[PDB]
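Engineer: Need a 3D model of the following:
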Amino acid sequence: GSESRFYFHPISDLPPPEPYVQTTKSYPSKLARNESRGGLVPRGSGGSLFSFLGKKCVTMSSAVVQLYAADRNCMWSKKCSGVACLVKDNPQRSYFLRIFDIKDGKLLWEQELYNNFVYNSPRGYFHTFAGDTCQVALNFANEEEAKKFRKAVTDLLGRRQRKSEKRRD
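Structural biologist: Numbers count the residues shown, from 1 in each chain. Sharing the structure here:
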């Protein structure tokens with residue numbers, strides 16, 4: 001079901017993993033407010049003075065999910081199960097995706113978002129997410145709640161921060 005008794009199994013019905021074939025994307029966070037300027041012959045310079053960046057990290061969306069991470073080219077392994085939160089960290093001007101364990105609440109998994117992220121959705125209670133050169137995935141009983149953070153992350157990223165929506169309804 002959706003609540004009370006909801007299943008994450010089976011891994012066998014979930015789509016197989018894949019090595020990251022996409023070129024590793026850049027993290028906007030590392031720059032915050034800076035761009036890769038060129039030299040003499042190749043000279044790209046954007047600049048664009050963003051006036052005062054940062055307030056706090058705003059949580060954007062939260063859903064109960066189980067976290068998979070793919071080993072080399074083809075194995076989904078359980079690293080954590082719990083609840084997920086999509087966070088917009090405006091001080092760093094980036095976004096953070098954080099998975100927090102339901103049992104501990106420790107939060108031991110983060111993924112720092114890129115500036116050109118497209119979301120991968122097989123959709124079978126299962127989403128696939130891209131890392132540095134590793135593949136990570138989200139597994140959940142509710143695609144509805146899943147679409148919400150999945151859409152929000154990818155949509156907001158494309159719109160650029162015009163939302164500080166804390167929770168989905």
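
Engineer: Spit out the contact partners of residue 26.
Structural biologist: Residues in contact with residue 26 (Cβ atoms under 8 Å, 6 or more residues apart in numbering) are 114, 115. (Each C-beta comes from the backbone N, C-alpha and C, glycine too.)

Engineer: Let me know the secondary structure of it.
Structural biologist: coil (DSSP: H, G, I helix; E, B strand; the rest coil).

Engineer: measure it to residue 35 for me?
Structural biologist: 10 Å (Cβ to Cβ, to the nearest Å).

Engineer: partner residues bridging the residue positioned nearest the centre of the chain?
Structural biologist: Nearest residue to the geometric centre of the chain (Cα atoms, centre = their mean): residue 97, 4.5 Å. Counting by DSSP bridges, residue 97 is bridged to residue 86, residue 111.

Engineer: Would you mind confirming that it is in contact with residue 117?
Structural biologist: No. Between residue 97 and residue 117 there is no contact under Cβ atoms under 8 Å: 9.8 Å.

Engineer: any common contacting residues for the two?
Structural biologist: Common contacts of residue 97 and residue 117 (Cβ under 8 Å, 6+ apart): residue 153.

Engineer: count of neighbours near the closest residue to residue 140 other than its chain neighbours?
Structural biologist: Nearest non-adjacent residue to residue 140, counting by Cβ to Cβ, 6 or more residues apart in numbering: residue 65, 4.3 Å away. Residues lying near residue 65 (other Cβ atoms under 10 Å) number 27.

Engineer: can I assume residue 65 sits in a strand?
Structural biologist: Yes. Under three-state DSSP, residue 65 sits within a strand.

Engineer: Tell me if I'm right that it and residue 98 touch.
Structural biologist: No. Taking contacts as Cβ under 8 Å, residue 65 lies outside contact range of residue 98: 11.2 Å.

Engineer: Quick check: neighbours shared by these two?
Structural biologist: Jointly contacting residue 65 and residue 98 under the rule Cβ under 8 Å, 6+ apart are residue 84.

Engineer: Spell out, range by range, the strands that occur in the protein.
Structural biologist: 57-71, 75-89, 94-101, 109-112, 126-130, 135-139 (DSSP state E).
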